[PDB]
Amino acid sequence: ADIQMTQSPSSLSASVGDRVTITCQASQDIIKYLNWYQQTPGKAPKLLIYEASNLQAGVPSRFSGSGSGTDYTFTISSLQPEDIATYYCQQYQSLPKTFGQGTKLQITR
């Protein structure tokens, strides 16, 4: 009965400065209630985007988010060496809060 979040891609390899696009689709309409997290291994998850498209204090302006209803997109406009992590989307329209399989973001070669 839970909502399921299919996140794409699972892994990607890009170079510094590139555009990187991550999508999350919800199993049902979740309106605007989606969050985007990053996770450097060993540390705490940092919340970058709240309500699909709203940016948070302390995160670079190169992070952005868009989407509505059941399809949403996370975008890093110009990737930086510190952007290397794994990214998750979180639905919170209906409890329990469910999340996407995640995307492991990797440098080329």
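Residues carry their position along the shown sequence, with the first being 1.
On average the C-alpha atoms of 40 to 48 have higher B-factors than those of the other stretch, with 40 to 48 and 66 to 74 being the two compared. Annotation for residue 4: CA B-factor lies in the highest third of the chain's modelled residues. Split the chain's modelled residues into thirds by C-alpha temperature factor. Residue 35 is in the lowest one. In this PDB entry, the Cα temperature factor of residue 93 sits in the middle third of its chain's modelled residues. Per-chain ranking of the deposited C-alpha B factor places residue 13 in the highest third.
The PDB entry assigns residue 86 a C-alpha temperature factor belonging to the middle third of its chain's modelled residues.
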